[PDB]
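[1] Experimental structure and sequence below.
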Amino acid sequence: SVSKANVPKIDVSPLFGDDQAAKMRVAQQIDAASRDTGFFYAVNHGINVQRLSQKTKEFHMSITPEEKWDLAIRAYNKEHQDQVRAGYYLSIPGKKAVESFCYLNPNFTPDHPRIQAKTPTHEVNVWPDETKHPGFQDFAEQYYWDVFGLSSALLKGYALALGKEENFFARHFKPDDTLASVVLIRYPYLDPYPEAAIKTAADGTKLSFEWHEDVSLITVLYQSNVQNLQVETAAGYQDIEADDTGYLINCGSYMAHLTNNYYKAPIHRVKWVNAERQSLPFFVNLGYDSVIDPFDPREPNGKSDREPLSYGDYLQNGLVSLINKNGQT
Ligand SMILES: CC1(C)S[C@H]2[C@H](C(=O)[C@H]2NC(=O)CCC[C@H](N)C(=O)O)[C@H]1C(=O)O
Ligand SMILES: [Fe+3]
């Protein structure tokens, strides 16, 4: 058997309020989880995740092949050269089981200065026809802002955890410019499940997605109640329990850089499970020009021998590297 990873449930509700001692006690729990396996469940988060899952299922199950081509990223549709990040990521029956829909900041409109400038990593979202998917765009955009709010509260907890003022990260996480993304991932049930869509780890574990660190500051993840994630610890890969009431939280490699690996970006992977399920990450990205000076909370003077890295530089390089390492999703 594989051991169960220690993934505590942390009541994050004080991070939305004004009780500073209570927020420090949440911050300590974040610190402890970040120094241990690197994962925790945020509970009492205030988001209606059941309705998220229902609306997402309605979308995934009703979108047609025609609509998928019409929304497709450039990796699948050469006509869509502006769609690097945002749009549909098709499955390939017999070969690639997963499919997904990514969207970015709804404030990236045609008139946004970074869209006008054609700055890398910024794109205008694409949406299916309203008549075919009534209410979907509005729901999805509202979800962006709901998860943005949760993420901002979480970032206040991380800041406090690291000995900083509570706006240390949040001041760089702003509605007008955040590079954060939502991905609505569908993992299908298939009978037969094609072997070509199943990867095998060096330890023999069947996988849907190989080991990686996230490209993010933090990742704020809702999943169905089907166990699938594993985290590498000193004791080997351990199973992360599912909890479809909570959000699973981890640090990405930008946090590891800024903290000199004090809060590591945990290495994790996705087991192959032949089940119809959802994986709905929010990748908490800062603005393109956001730079936080790296530090080290283990050193008396806080100094680090890492160089400052703007978030835009980080993100553009990281997304490419993850595609090269683990394949086009
Ligand atoms: C939550 C994950 C483990 S993370 C891992 C995999 C994924 O699809 C993985 N992550 C990525 O591919 C990066 C998506 C970035 C997004 N298009 C953007 O432009 O910002 C997920 C899963 O398979 O459940
Ligand atoms: Fe991941």
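    That came in fine, so what should we check first? Numbers count the residues shown, from 1 in each chain. Ligands and ions are numbered 1, 2, ... in the order given.

[2] separation between the closest residue to ligand 1 within the stretch 101-250 of the chain and residue 194?
    Of the residues in the stretch 101-250 of the chain, the one nearest ligand 1 is residue 181, at a distance of 3.4 Å by Cβ to the nearest ligand atom. No exception for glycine: its C-beta is placed from N, CA and C like everyone else's. Residue 181 sits 28 Å away from residue 194, going by Cβ to Cβ, to the nearest Å.

[3] circling back to that earlier point, what residues are bridge-paired with the residue of the stretch 101-250 of the chain closest to ligand 1?
    Beta-bridge partners for residue 181, by DSSP bridges, are residue 283.

[4] do the one 4 residues further on as well
    In this structure, residue 185 has beta-bridge partners residue 100, residue 279, where bridges are defined by DSSP bridges.

[5] That one: neighbouring residues, count only.
    Using other Cβ atoms under 10 Å, residue 185 has 22 neighbouring residues.

[6] Same check on residue 90?
    Count around residue 90 with other Cβ under 10 Å applied: 19.

[7] which residues does it contact?
    Each residue near residue 90 by Cβ atoms under 8 Å, 6 or more residues apart in numbering is listed here: 68-69, 72, 76, 96, 99.

[8] Does stretch 241-251 reach ligand 1?
    No - Stretch 241-251 does not reach ligand 1 (Cβ under 6 Å from any ligand atom); its nearest approach is 8.5 Å.

[9] and if you look at stretch 65-75?
    No - figure legend: stretch 65-75 not in contact with ligand 1 (Cβ under 6 Å from any ligand atom); closest approach 8.4 Å.

[10] Touching that stretch from outside, list them.
    76-77, 80-90, 99, 101-102, 126-129, 132, 328.

[11] Let me see the ranges of the helices in the stretch 51-200 of the chain.
    65-71, 113-116, 136-161 (DSSP state H, counting those that start in this stretch).

[12] who does the closest residue to residue 205 other than its chain neighbours bridge with?
    Nearest non-adjacent residue to residue 205, counting by Cβ to Cβ, 6 or more residues apart in numbering: residue 271, 6.4 Å away. Beta-bridge pairing for residue 271 (DSSP bridges): residue 207.

[13] and residue 271, how many residues sit next to it?
    19.

[14] shift numbering so it begins at 438
    With 438 as the first residue, the last one maps to residue 708.

[15] Hmm, it is touching residue 647, no?
    No - using Cβ atoms under 8 Å, residue 708 makes no contact with residue 647, being 11.0 Å away.

[16] quick one: residue 555 and residue 540, what's the gap?
    With Cβ to Cβ as the criterion, residue 555 and residue 540 are 19 Å apart.

[17] out of the two, which sits in the busier spot?
    Neighbours were counted for residue 555 and for residue 540 using other Cβ under 10 Å; residue 540 has more, 23 against 9.

[18] who touches the closest residue in space to the more buried one that isn't next to it in sequence in this structure?
    Leaving aside its sequence neighbours, residue 540 sits nearest to residue 562 (Cβ to Cβ, 6+ apart; 4.7 Å). By Cβ under 8 Å, 6+ apart, the contact set of residue 562 is 523, 540-541, 543, 545.

[19] And residue 644, by the same measure?
    So residue 644 contacts 635-638, 706-709 (Cβ under 8 Å, 6+ apart).

[20] ok so, going back, the residue of the stretch 538-687 of the chain closest to ligand 1 touches residue 537, doesn't it?
    No - in this structure residue 618 lies outside contact range of residue 537 using Cβ under 8 Å: 10.8 Å.

[21] how about the strands of the protein, start to end?
    Taking DSSP state E as the criterion, the chain carries its strands at 446-448, 476-480, 524-526, 536-540, 618-624, 636-637, 643-649, 655-660, 666-670, 673-676, 684-688, 705-708, 714-721.

[22] Tabulate those (CSV), appending distance to residue 727.
    Below are the strands of the chain laid out as CSV (distance: least, Cβ to Cβ, whole Å):
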stretch, distance to residue 727
strand 446-448, 26
strand 476-480, 23
strand 524-526, 25
strand 536-540, 21
strand 618-624, 15
strand 636-637, 34
strand 643-649, 23
strand 655-660, 14
strand 666-670, 27
strand 673-676, 33
strand 684-688, 16
strand 705-708, 25
strand 714-721, 12
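
[23] Quick check: residue 759 touching residue 646?
    No - counting by Cβ under 8 Å, residue 759 stays clear of residue 646, with 10.1 Å between them.

[24] Quick check on these two: which one has the bigger neighbour count.
    Ranked by neighbour count (other Cβ under 10 Å), residue 759 and residue 646 place residue 646 first, with 20 against 17.

[25] Quick check: closest non-adjacent residue to that one.
    That would be residue 707: by Cβ to Cβ, 6+ apart, it lies 3.8 Å from residue 646.

[26] what's near enough to touch the residue most central in space within the chain?
    Centrality entry for the chain: nearest residue to the mean C-alpha point is residue 720, 3.2 Å, by Cα atoms, centre = their mean. Going by Cβ under 8 Å, 6+ apart, residue 720 touches 617-618, 620, 651-653, 656, 689.
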